[PDB]
Protein chains: 2
Amino acid sequence: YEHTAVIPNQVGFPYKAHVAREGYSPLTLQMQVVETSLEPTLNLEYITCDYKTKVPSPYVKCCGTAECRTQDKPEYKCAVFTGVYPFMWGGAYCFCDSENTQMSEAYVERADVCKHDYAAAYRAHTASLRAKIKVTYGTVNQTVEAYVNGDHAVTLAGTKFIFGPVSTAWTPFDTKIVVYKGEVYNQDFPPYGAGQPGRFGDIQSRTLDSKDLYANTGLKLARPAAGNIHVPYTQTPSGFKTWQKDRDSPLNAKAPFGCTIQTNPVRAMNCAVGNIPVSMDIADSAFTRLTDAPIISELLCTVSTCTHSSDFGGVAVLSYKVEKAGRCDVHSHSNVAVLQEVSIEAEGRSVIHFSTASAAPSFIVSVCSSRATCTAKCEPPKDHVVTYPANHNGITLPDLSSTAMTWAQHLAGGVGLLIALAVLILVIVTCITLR
Amino acid sequence: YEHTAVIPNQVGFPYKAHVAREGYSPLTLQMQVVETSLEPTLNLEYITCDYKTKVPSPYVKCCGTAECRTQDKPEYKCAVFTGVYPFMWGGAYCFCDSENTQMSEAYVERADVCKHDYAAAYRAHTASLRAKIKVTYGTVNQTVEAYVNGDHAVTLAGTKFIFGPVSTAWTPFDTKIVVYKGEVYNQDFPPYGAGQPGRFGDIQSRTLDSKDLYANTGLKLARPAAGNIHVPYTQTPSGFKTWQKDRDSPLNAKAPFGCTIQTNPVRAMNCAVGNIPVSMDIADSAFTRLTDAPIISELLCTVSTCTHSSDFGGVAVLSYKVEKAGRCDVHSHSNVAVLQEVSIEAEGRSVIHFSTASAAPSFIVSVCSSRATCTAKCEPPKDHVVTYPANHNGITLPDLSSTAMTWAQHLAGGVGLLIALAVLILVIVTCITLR
């Protein structure tokens, strides 16, 4: 026999549904989710890391001028300076005093710590999500992991579960994210090869091995001092290690629905929005036919205590005449109060717990195939802050017959009444004035 | 100097456009596409292949009953049969005649030819397309491959081409396709684990190595014969090799626009719909200034011959007084007739070819910066079937002054006229009747 239902996506919450086949005793299932991942799809676009310069050992030859040659490496700049007269440690270096010339070169490369430390960019797309559900009934506790796009079945002892696709598939990401060591950000990074100096994305590369760079930090070469040997050097300072101290607040603090992150693969867990549908193919060796089905009649329910509040703070007893021992099943057929236990015991009186966030509930309950009702009046608790949430639907609406709005029909009927003598005493002379 | 244009997406077709800068001579470019791919994005969901059964060697022990054990493998079924008395080759097997018992088991696994022969499912999404364009002008023949999403530049000798994104990005695919060996189909396959026996998708698996199956073919075990040794066996026949003889017509025969397929990666080629935009960054060393620009005046164009038809079947001559030799450029500034050659020669008379699918064209043509007109009357060809297509826009509209509708103004003016004596001869007495 096959069935369909919907369950709310919120961790640690009971929900329950039926089958009522024909002939046989009823059967009540409960469904409860324990985990909910989420996963987008990525494709890399570039990386960045810190860099380092090199100034390899400038060249002097005296009374003979120069010429330097070009060569392939990113951001190579050579220069040529006339009229230099150094003065090294031992004495004066060489004496062809007026006509001396000197060259200089330097370049930029990646540092030695890039293959442990980098900050990469990415791009997002449509995403899929998977859940873990604990389902119990009959004589069996089981749990099951499942994809949520509507194609993946799974086998319990004879039964098939396939899940509805989604309510809606929005995500707490937009199209461009950037990931650096255990938290994800939300930037808008420059495209490629257009990083102006100083800010983020100053050194690019695709997949992190080698051979290709991009570097525009504005190298210029300056004139050396009067009577020394060094190489001067001028540069706007680096762009990576000026980002990781004056940064932002991360995305682990402005996530919308409690949606927590941890990422060697990027995820978003326990994210609590919406409904997930479920459908059911149920086997046949998990019912009871009629032989051990007890017959129960003249059911009468009362109440003794209630609060609102946030847990199982409503108690009720039951009265019934038995004929045979066994085990029946219980349910309340309305959305205003959910019960606690999944199977009452046999002969005598027995109690049931329930919770309801309303002033005056009324519903109909049925331990086995006979039905009954019982209603109550309620009062608020004296507290303000709890540590554990939400064990009711959250519907606080008035009933059709309460102390509160039994006042309502008297006033509306009362105001409905006094026009009624007014309407006809108009008319009773309205005929006679056509004499 | 920068420029923008649009070109029609149809293989083997000429199109041409200008720049007219200032001061310099004009310049005419032509653009022509030779190939057009298309490519969607995929993600695998399951596969299927043929299967095979195994019946490993049933067990007898006599005057001692049985018990078989369960074990983990897909679709394992064991049985137990009482009162069997076999009779093997040599004589009677064993003699504990009344109390004998016998067991049987069998299972299902994948065959030996799955890693050369399978049929997988997939899913489609948004797609991107790339083209190959031959562009020529000046003194240069070149071709260039290019992405069509508006981000990818490309370098000729100094110039930059970037292409407009798309007209629209529909595809000849819907969201679920299934691929088997060189042609793609269009099915609607069951989700996962819900394949009822006999039809497609009877054995599933994700990525094709091992360890996980799904199999529901309805194995049952039957009673062995009276006095033999075999294992009976009953099964609805396989689902894969009942699909590949009674199949469908494939998608290589109902593709919409001539869109042909071949697929180790899935593609769709030469697919002829729509327009693709183009923009232009043009260098400066590919013009002529004025020094070798000849001066041409008193241009006069006539005509001698035309057909409609499907190729270059209109010829015209040109007359002009020269002052210096060289090479000028030609163009017709309307959408009713496209020319053939890209640069006329210098001094004398010269001819130009053109094509036009209309009864009586009129347009304005300009070998260099002076302009002229020439019109003609035409007649249909005597043929019905050609082997090569479409060398005109395809606009067959009437002109503003033809033999055909010079008849039109006389009738409309004639009917416009005879009301005009009627209107005033009304009025001329309409005053005098207010005497």
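FYI the Cβ positions are ideal-geometry reconstructions off the backbone, even for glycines, and counts take in every protein chain you see. No lab work stands behind these numbers, since they all come straight from the coordinates.
Restricting region A:364-392 to residues that are crowded, with 17+ Cβ neighbours inside 10 Å and out of contact with any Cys (no Cβ under 9 Å at 6 or more places or on another chain), which is nearest to A:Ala337 (Cα to Cα)?
Taking region A:364-392 first, the residues crowded, with 17+ Cβ neighbours inside 10 Å are A:365-368, A:374, A:376, A:378, A:391-392.
Add one more test, that the residue is out of contact with any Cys (no Cβ under 9 Å at 6 or more places or on another chain), and what stays is A:366, A:391-392.
Numbers: A:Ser366: 14, A:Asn391: 10, A:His392: 7 Å.
Top of the filtered list is A:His392.
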Problem - Of all residues making up region B:1-31, the number that are without any contact (Cβ under 8 Å) to a residue 40 or more places away in the chain and more than 24 Å from B:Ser167 (Cβ to Cβ) - result: 2
Handout entry: Failed item in (1) in contact (Cβ under 8 Å) with a residue 24 or more places away in the chain; (2) away from every other protein chain (no Cβ under 12 Å); (3) not in a loop (DSSP other than H, G, I, E, B), with A:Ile162 passing the rest
Key = (2)
Handout entry: Single condition A:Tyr180 does not satisfy, out of (1) free of Cβ contacts under 8 Å to residues at least 60 places away in the same chain; (2) away from chain B (no Cβ under 13 Å)
Key = (1)
Problem - Scope region B:170-222; condition surrounded by 12 or more Cβ atoms within 10 Å (Cβ to Cβ), farther than 30 Å from B:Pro56 by Cβ and basic (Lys, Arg); matching residues - result: B:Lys176
Problem - Test result for A:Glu105, in contact with a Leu (Cβ under 7 Å, 6 or more places away or on another chain) and either of a type in the set (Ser, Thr, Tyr) or surrounded by 13 or more Cβ atoms within 10 Å (Cβ to Cβ) (or both) - result: no
Completion exercise
The number of residues in region B:235-262 that are part of a loop (DSSP other than H, G, I, E, B) and closer than 27 Å to B:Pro8 by Cβ is 11
Problem - Selection status of B:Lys254, more than 14 Å from chain A (Cβ to nearest Cβ), within 28 Å of the chain's Cα centre (by Cα) and more than 20 Å from B:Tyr76 (Cα to Cα) - result: yes
Practice task
Evaluate the following for A:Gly90: is it in contact with a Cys (Cβ under 9 Å, 6 or more places away or on another chain) and part of a loop (DSSP other than H, G, I, E, B)?
Solution key: no
Practice task
Could you please find all residues in region A:134-151 being surrounded by 14 or more Cβ atoms within 10 Å (Cβ to Cβ) and either within 14 Å of chain B (Cβ to nearest Cβ) or among the small types (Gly, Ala, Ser) (or both)?
Solution key: A:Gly138, A:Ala146, A:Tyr147, A:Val148, A:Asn149, A:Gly150, A:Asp151
Handout entry: Selection within region A:165-175 - more than 14 Å from every other protein chain (Cβ to nearest Cβ) and of a type outside the set (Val, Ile, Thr)
Key = A:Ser167, A:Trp170, A:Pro172, A:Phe173, A:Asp174
Problem - Residue list for region B:201-217, restricted to those being away from every other protein chain (no Cβ under 14 Å) and either closer than 22 Å to A:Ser279 by Cα or small (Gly, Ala, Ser) (or both) - result: B:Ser210
Handout entry: Test result for B:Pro197, touching a residue at least 12 places away in the same chain (Cβ under 8 Å) and touching a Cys at 6+ places or on another chain (Cβ under 7 Å)
Key = no
